[PDB]
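**Q** Dropping a structure here in C-alpha cells format, bear with me for questions.
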Amino acid sequence: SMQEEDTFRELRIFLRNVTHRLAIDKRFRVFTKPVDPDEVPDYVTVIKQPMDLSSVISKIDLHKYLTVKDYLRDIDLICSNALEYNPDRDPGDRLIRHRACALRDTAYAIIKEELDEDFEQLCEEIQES
Ligand SMILES: CC(=O)c1csc(NC(=O)C(C)(C)N)n1
C-alpha cells in the first residue's frame with residue numbers, strides 16, 4: 001500500500017537515527033565498520049556472519065528491516081559476535097564484551113523509551129500480512 005509504505009519509511013528513519021547514535025558513541029567505535037582484514041586476520045576464522053553498524057545502515061537503506069524486532073536481531077548479532085570473538089578473561093576481551101553489551105542495552109533502552117508499542121505492532125501486522 002501507499003500508506004503501508006509510509007509506515008515502513010517512518011520505521012527506517014527511526015532505525016537510522018537510533019543507529020547513527022550508537023555509531024557516534026566513542027564506546028562503540030569498534031562496532032562501526034567491518035573489521036579490517038589486515039588488522040585482525042583471524043576474525044573470519046571463528047565469526048561466520050560478520051555484522052556492524054555500517055552494514056546495519058545499508059540494510060535499512062536496502063529496505064531489509066520491516067520491523068524493529070528484525071533490526072534488534074542484528075544488534076543482538078553484533079553483541080553476540082563480540083562475545084564469541086572475545087571469550088577470554090583478558091582485560092582486552094572484557095573491555096570489548098562490556099562495550100558490546102552496552103551497545104545492546106543502549107539499543108533496547110532507546111527503543112523502549114522512544115518507539116511506541118503500537119507503531120511496532122502495526123509494523124508486525126503489515127509484515128505478517
Ligand atoms: C568487532 C570485535 O568483536 C572486535 C574487534 S577487535 C576485537 N578484539 C580484539 O582484537 C582483542 C584481541 C583485543 N580482544 N573484537
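By order of appearance in the C-alpha cells: chains A, B, ..., then residues from 1 within every chain, and ligands from 1 in the order shown.
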Return as CSV the residues of chain A lying at most 12 Å from ligand 1, together with the closest atom-to-atom pair for each and the distance in Å to one decimal, counting only C-alpha atoms and all ligand atoms, with rows in chain order and ascending residue number.

**A**
residue,atom,partner,partner_atom_place_in_ligand_line,distance
A:27,CA,ligand 1,1 (C),11.9
A:28,CA,ligand 1,1 (C),9.4
A:29,CA,ligand 1,1 (C),9.4
A:30,CA,ligand 1,1 (C),5.7
A:31,CA,ligand 1,1 (C),5.5
A:32,CA,ligand 1,1 (C),8.6
A:33,CA,ligand 1,1 (C),8.5
A:34,CA,ligand 1,1 (C),7.6
A:35,CA,ligand 1,1 (C),6.1
A:36,CA,ligand 1,5 (C),8.7
A:37,CA,ligand 1,5 (C),10.9
A:38,CA,ligand 1,6 (S),11.5
A:39,CA,ligand 1,10 (O),8.4
A:40,CA,ligand 1,10 (O),6.4
A:41,CA,ligand 1,10 (O),9.6
A:42,CA,ligand 1,10 (O),9.5
A:43,CA,ligand 1,5 (C),8.1
A:44,CA,ligand 1,1 (C),11.0
A:46,CA,ligand 1,3 (O),11.0
A:47,CA,ligand 1,3 (O),9.1
A:49,CA,ligand 1,1 (C),11.7
A:50,CA,ligand 1,1 (C),8.5
A:51,CA,ligand 1,1 (C),8.5
A:52,CA,ligand 1,1 (C),7.7
A:53,CA,ligand 1,1 (C),10.4
A:77,CA,ligand 1,3 (O),10.6
A:78,CA,ligand 1,1 (C),7.6
A:79,CA,ligand 1,3 (O),7.9
A:80,CA,ligand 1,3 (O),8.7
A:81,CA,ligand 1,3 (O),6.0
A:82,CA,ligand 1,3 (O),3.6
A:83,CA,ligand 1,3 (O),7.0
A:84,CA,ligand 1,3 (O),7.8
A:85,CA,ligand 1,3 (O),5.6
A:86,CA,ligand 1,14 (N),5.1
A:87,CA,ligand 1,14 (N),8.3
A:88,CA,ligand 1,14 (N),8.0
A:89,CA,ligand 1,14 (N),9.8
A:90,CA,ligand 1,14 (N),7.8
A:91,CA,ligand 1,14 (N),8.2
A:92,CA,ligand 1,13 (C),4.5
A:93,CA,ligand 1,14 (N),4.3
A:94,CA,ligand 1,14 (N),7.9
A:95,CA,ligand 1,14 (N),8.1
A:96,CA,ligand 1,15 (N),6.0
A:97,CA,ligand 1,3 (O),7.8
A:98,CA,ligand 1,3 (O),10.8
A:99,CA,ligand 1,3 (O),9.5
A:100,CA,ligand 1,3 (O),7.9
A:101,CA,ligand 1,3 (O),11.4
A:103,CA,ligand 1,1 (C),11.8

**Q** Please return, as an NGL selection string, all residues of chain A that DSSP assigns to alpha helix (DSSP H) on the basis of the backbone.

**A** :A and (2-23 or 43-46 or 53-61 or 68-85 or 91-114 or 117-128)

**Q** How would the residues just picked look written out with C-alpha atoms as a PDB file, in the first residue's frame?

**A**
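That gives us part_22.pdb:
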ATOM      1  CA  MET A   2       0.941   3.679  -0.216  1.00  0.00           C
ATOM      2  CA  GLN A   3       0.043   4.145   3.463  1.00  0.00           C
ATOM      3  CA  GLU A   4       1.857   0.910   4.383  1.00  0.00           C
ATOM      4  CA  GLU A   5       4.921   2.177   2.521  1.00  0.00           C
ATOM      5  CA  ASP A   6       4.694   5.389   4.572  1.00  0.00           C
ATOM      6  CA  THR A   7       4.913   3.439   7.810  1.00  0.00           C
ATOM      7  CA  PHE A   8       7.954   1.414   6.693  1.00  0.00           C
ATOM      8  CA  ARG A   9       9.566   4.687   5.637  1.00  0.00           C
ATOM      9  CA  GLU A  10       8.862   6.008   9.127  1.00  0.00           C
ATOM     10  CA  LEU A  11      10.418   2.860  10.581  1.00  0.00           C
ATOM     11  CA  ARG A  12      13.627   3.267   8.559  1.00  0.00           C
ATOM     12  CA  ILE A  13      14.018   6.910   9.536  1.00  0.00           C
ATOM     13  CA  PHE A  14      13.748   5.808  13.184  1.00  0.00           C
ATOM     14  CA  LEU A  15      16.239   2.962  12.748  1.00  0.00           C
ATOM     15  CA  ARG A  16      18.634   5.361  11.016  1.00  0.00           C
ATOM     16  CA  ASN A  17      18.502   7.930  13.820  1.00  0.00           C
ATOM     17  CA  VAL A  18      18.995   5.255  16.501  1.00  0.00           C
ATOM     18  CA  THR A  19      21.800   3.599  14.534  1.00  0.00           C
ATOM     19  CA  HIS A  20      23.583   6.885  13.962  1.00  0.00           C
ATOM     20  CA  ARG A  21      23.694   7.295  17.724  1.00  0.00           C
ATOM     21  CA  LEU A  22      25.290   4.032  18.593  1.00  0.00           C
ATOM     22  CA  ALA A  23      27.797   4.830  15.827  1.00  0.00           C
ATOM     23  CA  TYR A  43      38.350 -12.894  12.655  1.00  0.00           C
ATOM     24  CA  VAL A  44      36.884 -14.510   9.517  1.00  0.00           C
ATOM     25  CA  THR A  45      38.129 -17.701  11.168  1.00  0.00           C
ATOM     26  CA  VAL A  46      35.648 -18.076  14.035  1.00  0.00           C
ATOM     27  CA  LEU A  53      26.680  -0.651  12.412  1.00  0.00           C
ATOM     28  CA  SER A  54      27.590   0.472   8.866  1.00  0.00           C
ATOM     29  CA  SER A  55      26.185  -2.787   7.455  1.00  0.00           C
ATOM     30  CA  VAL A  56      23.071  -2.160   9.540  1.00  0.00           C
ATOM     31  CA  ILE A  57      22.634   1.251   7.911  1.00  0.00           C
ATOM     32  CA  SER A  58      22.998  -0.381   4.494  1.00  0.00           C
ATOM     33  CA  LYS A  59      20.387  -2.986   5.358  1.00  0.00           C
ATOM     34  CA  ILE A  60      17.963  -0.223   6.303  1.00  0.00           C
ATOM     35  CA  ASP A  61      18.550   1.745   3.099  1.00  0.00           C
ATOM     36  CA  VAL A  68      12.057  -3.361  14.975  1.00  0.00           C
ATOM     37  CA  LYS A  69      12.443  -6.993  16.026  1.00  0.00           C
ATOM     38  CA  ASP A  70      14.282  -7.646  12.766  1.00  0.00           C
ATOM     39  CA  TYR A  71      16.555  -4.682  13.428  1.00  0.00           C
ATOM     40  CA  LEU A  72      17.290  -5.805  17.004  1.00  0.00           C
ATOM     41  CA  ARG A  73      18.220  -9.270  15.784  1.00  0.00           C
ATOM     42  CA  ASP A  74      21.158  -7.593  14.046  1.00  0.00           C
ATOM     43  CA  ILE A  75      22.199  -5.602  17.132  1.00  0.00           C
ATOM     44  CA  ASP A  76      21.968  -8.867  19.082  1.00  0.00           C
ATOM     45  CA  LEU A  77      24.246 -10.373  16.442  1.00  0.00           C
ATOM     46  CA  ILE A  78      26.852  -7.616  16.803  1.00  0.00           C
ATOM     47  CA  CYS A  79      26.888  -8.103  20.583  1.00  0.00           C
ATOM     48  CA  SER A  80      26.804 -11.890  20.186  1.00  0.00           C
ATOM     49  CA  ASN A  81      29.645 -11.727  17.644  1.00  0.00           C
ATOM     50  CA  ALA A  82      31.782  -9.692  20.040  1.00  0.00           C
ATOM     51  CA  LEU A  83      31.186 -12.018  22.996  1.00  0.00           C
ATOM     52  CA  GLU A  84      32.076 -15.016  20.840  1.00  0.00           C
ATOM     53  CA  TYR A  85      35.249 -13.485  19.380  1.00  0.00           C
ATOM     54  CA  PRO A  91      41.242  -7.162  30.008  1.00  0.00           C
ATOM     55  CA  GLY A  92      41.148  -6.759  26.219  1.00  0.00           C
ATOM     56  CA  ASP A  93      38.346  -9.283  25.879  1.00  0.00           C
ATOM     57  CA  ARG A  94      36.435  -7.822  28.821  1.00  0.00           C
ATOM     58  CA  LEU A  95      36.562  -4.226  27.531  1.00  0.00           C
ATOM     59  CA  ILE A  96      35.118  -5.390  24.197  1.00  0.00           C
ATOM     60  CA  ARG A  97      32.377  -7.559  25.763  1.00  0.00           C
ATOM     61  CA  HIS A  98      31.365  -4.711  28.050  1.00  0.00           C
ATOM     62  CA  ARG A  99      31.102  -2.362  25.096  1.00  0.00           C
ATOM     63  CA  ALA A 100      29.082  -4.975  23.191  1.00  0.00           C
ATOM     64  CA  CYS A 101      26.511  -5.376  25.957  1.00  0.00           C
ATOM     65  CA  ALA A 102      26.348  -1.607  26.395  1.00  0.00           C
ATOM     66  CA  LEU A 103      25.544  -1.447  22.668  1.00  0.00           C
ATOM     67  CA  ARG A 104      22.745  -3.977  23.179  1.00  0.00           C
ATOM     68  CA  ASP A 105      21.444  -2.267  26.329  1.00  0.00           C
ATOM     69  CA  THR A 106      21.503   1.187  24.720  1.00  0.00           C
ATOM     70  CA  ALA A 107      19.711  -0.032  21.573  1.00  0.00           C
ATOM     71  CA  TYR A 108      16.945  -1.736  23.586  1.00  0.00           C
ATOM     72  CA  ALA A 109      16.723   1.147  26.061  1.00  0.00           C
ATOM     73  CA  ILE A 110      16.390   3.710  23.249  1.00  0.00           C
ATOM     74  CA  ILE A 111      13.579   1.709  21.622  1.00  0.00           C
ATOM     75  CA  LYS A 112      11.760   1.096  24.912  1.00  0.00           C
ATOM     76  CA  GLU A 113      11.711   4.820  25.669  1.00  0.00           C
ATOM     77  CA  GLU A 114      11.037   6.119  22.164  1.00  0.00           C
ATOM     78  CA  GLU A 117       4.498  -0.122  21.115  1.00  0.00           C
ATOM     79  CA  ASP A 118       1.609   0.361  18.670  1.00  0.00           C
ATOM     80  CA  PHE A 119       3.903   1.538  15.887  1.00  0.00           C
ATOM     81  CA  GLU A 120       5.865  -1.691  16.245  1.00  0.00           C
ATOM     82  CA  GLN A 121       2.585  -3.637  16.363  1.00  0.00           C
ATOM     83  CA  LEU A 122       1.476  -2.084  13.086  1.00  0.00           C
ATOM     84  CA  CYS A 123       4.836  -3.000  11.554  1.00  0.00           C
ATOM     85  CA  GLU A 124       4.401  -6.647  12.538  1.00  0.00           C
ATOM     86  CA  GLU A 125       0.795  -6.859  11.311  1.00  0.00           C
ATOM     87  CA  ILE A 126       1.790  -5.473   7.905  1.00  0.00           C
ATOM     88  CA  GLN A 127       4.776  -7.815   7.668  1.00  0.00           C
ATOM     89  CA  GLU A 128       2.674 -10.783   8.841  1.00  0.00           C
TER      90      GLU A 128
END
